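Some notes on the structure that comes next.
All Cβ positions, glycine included, derive from the backbone under ideal geometry; neighbour counts span all protein chains shown. All of the numbers you see were taken from the coordinates with simple rules; none came from a lab.
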Amino acid sequence: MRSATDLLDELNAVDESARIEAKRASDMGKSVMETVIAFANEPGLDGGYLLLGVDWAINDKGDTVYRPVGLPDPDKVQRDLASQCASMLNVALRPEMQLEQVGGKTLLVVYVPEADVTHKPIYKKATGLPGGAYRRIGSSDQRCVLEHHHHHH
């Protein structure tokens, strides 16, 4: 895994979204979900990043500069996306999601590890065929930390 501040910098560093995608709060839904399937079906590409709460500005060159704007409700975006990834897919898939602040804006790091052999065949239970084979990896990351951060009431 990886911070949203470092992912935002990495989006600016890379020429194209190699294994790290950038997404706005309005992109929330199947537009996020088909991109998750595109990392889940990949053999040996464990550690694909989707960064939610990012905006981008186009220069006169036709250049894409990635800036922080954050989520309208940080927690609720992480709650809904867990529901999406459990209910839309044939099996309950957990994307490891963490809230990270960049310049006073709250963003969501969606860490997608590789699915197992059995779960894979991650097929959609609705009309929507996932297109692709593989995208060549530019920058690499495997800096994975765990924490059992449990809230109770």
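Of all residues in segment 127-153, count the ones that are among the hydrophobic types (A, V, I, L, M, F, W, C) and either surrounded by 10 or more Cβ atoms within 10 Å (Cβ to Cβ) or touching a residue at least 60 places away in the same chain (Cβ under 8 Å) (or both). Total satisfying the criteria: 3. Are any of the residues in segment 48-58 part of a loop (DSSP other than H, G, I, E, B) and out of contact with any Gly (no Cβ under 8 Å at 6 or more places or on another chain)? Checked segment 48-58: no residue is part of a loop (DSSP other than H, G, I, E, B) and out of contact with any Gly (no Cβ under 8 Å at 6 or more places or on another chain). Checked against the criterion of being under 20 Å from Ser3 (Cα atoms), out of contact with any helix residue (DSSP H, G or I) (no Cβ under 6 Å at 6 or more places or on another chain) and of a type outside the set (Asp, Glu), segment 114-136 contains not a single residue that satisfies it. Filtering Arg67, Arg2 for residues that are of a type in the set (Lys, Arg), under 14 Å from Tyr111 (Cβ atoms) and either touching a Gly at 6+ places or on another chain (Cβ under 6 Å) or not in a helix (DSSP H, G or I) (or both) leaves a single hit, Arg2.
Residue selection: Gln84 satisfies the criterion of being out of contact with any strand residue (DSSP E or B) (no Cβ under 8 Å at 6 or more places or on another chain), touching a residue at least 40 places away in the same chain (Cβ under 8 Å) and either not in a helix (DSSP H, G or I) or not acidic (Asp, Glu) (or both).
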